[PDB]
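Form deposited in one PDB entry, single chain, as structure tokens, below.
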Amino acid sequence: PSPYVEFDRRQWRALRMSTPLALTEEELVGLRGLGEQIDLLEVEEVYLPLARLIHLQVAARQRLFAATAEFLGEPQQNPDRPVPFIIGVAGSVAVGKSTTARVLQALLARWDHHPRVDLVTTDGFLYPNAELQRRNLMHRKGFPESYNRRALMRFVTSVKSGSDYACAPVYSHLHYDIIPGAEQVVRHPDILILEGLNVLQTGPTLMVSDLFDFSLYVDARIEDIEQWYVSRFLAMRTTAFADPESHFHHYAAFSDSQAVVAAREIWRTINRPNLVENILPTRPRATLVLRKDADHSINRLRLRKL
């Protein structure tokens, strides 16, 4: 007896679902536009149905809002509309959270019940590099205390409170730092997706996940994520590290053997221990856990029983 309904990929594919679910050509162009590594078969067979499932929870919450408001005789202090529906997306560095989040964002927006779907990464809530240096935390970027938790909690509370205006800072992956001045404005979307390492982490009191209506954890074997991380580092020699401005420009000239050593050392000393200590223990808190094969294909889905 488990708290989850479990499917492997084969079972999932074989399901006789009650839809009518197919992507539009307009959508296939859009979905290429947000990467390319993303397998379109993945999107059609797994993420599209997953989106419909989530859509059922969003519509249910919107109708509960209406039934409750009617029951209360719409008092003045009740909001006139449902507050945004907030989805957490958690998992290891390099597991593909950002891709999953971006795919879900594009698929969920296609229902007229909730056409406005925003995406915020908690990367924008990291303390900037100097502030991290000050705190002896440069080697722990992505650990819980490397983020401004108070600011993160204020932002999510503002959105959940039904504010028409809420503001998040922005992180540059190119520069490895917060862009001073930069802001992302959120204006009462129907759905907000909140993607990050730390979204399902707990705290002594009200925590950001107390405000989630749904959450995903993107999972994979630790050895496989290590390989993805190493490949990403090697591929970065051409992109992020190629700029003579980069603080990591020296890595561009590392040949495959030395690059694998540098990548694995960084994995072993920062990202892997952050996963073991801080991220993995949050995995059972997710509404939906998606596990990936070594080839990046989803091999298993666990959904909390309703």
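Residue numbers run from 1 along the displayed sequence. Throughout, rigid core stands for the largest set of C-alpha atoms superposing within 1.5 Å between the two forms.
S.K.: Hey, which bit's got the bigger mean C-alpha B factor in the entry, 61 to 69 or 240 to 248?
M.R.: It is 240 to 248.
S.K.: Which is higher in the entry, the mean Cα B factor of 179 to 187 or that of 114 to 122?
M.R.: So the stretch with the higher mean C-alpha B-factor is 179 to 187.
S.K.: Per the entry, which of 41, 266, 260, 54 tops the list for Cα B factor?
M.R.: Comparing C-alpha B-factors across 41, 266, 260, 54, the top value belongs to 41.
S.K.: Of 214, 233, 217, 165, which one's C-alpha B factor is largest in the deposited record?
M.R.: Of 214, 233, 217, 165, 165 has the highest C-alpha B-factor.
S.K.: Can you tell me whether residue 134 has a C-alpha B-factor in the lowest, middle or highest third compared with the other modelled residues of the same chain?
M.R.: As the PDB entry reports it, the C-alpha B-factor of residue 134 lands in the highest third of its chain.
S.K.: Within this chain's modelled residues, let me know which third the CA B factor of residue 195 belongs to: lowest, middle or highest.
M.R.: Its C-alpha B-factor belongs to the lowest third of this chain's values.
S.K.: Quick check on the deposited entry: does the C-alpha B-factor of residue 24 sit in the lowest, middle or highest third of its chain?
M.R.: Highest third of the chain for residue 24's C-alpha B-factor.
S.K.: State the tercile, meaning the lowest, middle or highest third, of residue 208 with respect to the CA B-factors recorded for its chain.
M.R.: Its C-alpha B-factor belongs to the middle third of this chain's values.
S.K.: Using the B-factor values recorded in the entry, state whether the Cα atom of residue 282 falls in the lowest, middle or highest third among the modelled residues of its chain.
M.R.: Within its chain, residue 282 is a lowest-third residue by C-alpha B-factor, going by the deposited values.
Omitted from view is the form deposited in another entry, to which the following refers.
S.K.: For residue 26, state whether the C-alpha moves by 2 Å or more between this form and the one not shown after rigid core superposition.
M.R.: Comparing the forms between this form and the one not shown, which are aligned on their rigid core, residue 26 does shift its C-alpha by 2 Å or more.
S.K.: Please state whether residue 145 has a C-alpha shift of 2 Å or more between this form and the one not shown, with the rigid core used for the fit.
M.R.: No, its C-alpha moves less than 2 Å.
S.K.: With both forms fit on the core, has residue 185 moved 2 Å or more by CA between this form and the one not shown?
M.R.: Moves: no, less than 2 Å.
S.K.: Based on a C-alpha change of 3 angstroms or more, tell me if residue 21 and residue 106 lie closer or farther in the other form than in the shown form.
M.R.: Pair moves closer in the other form.
S.K.: Compare the CA separation of residue 106 and residue 33 in the other form with the one in the displayed structure, and answer closer or farther (the difference is at least 3 Å).
M.R.: Farther is correct, given that in the other form the C-alpha spacing of residue 106 to residue 33 is increased by at least 3 Å.
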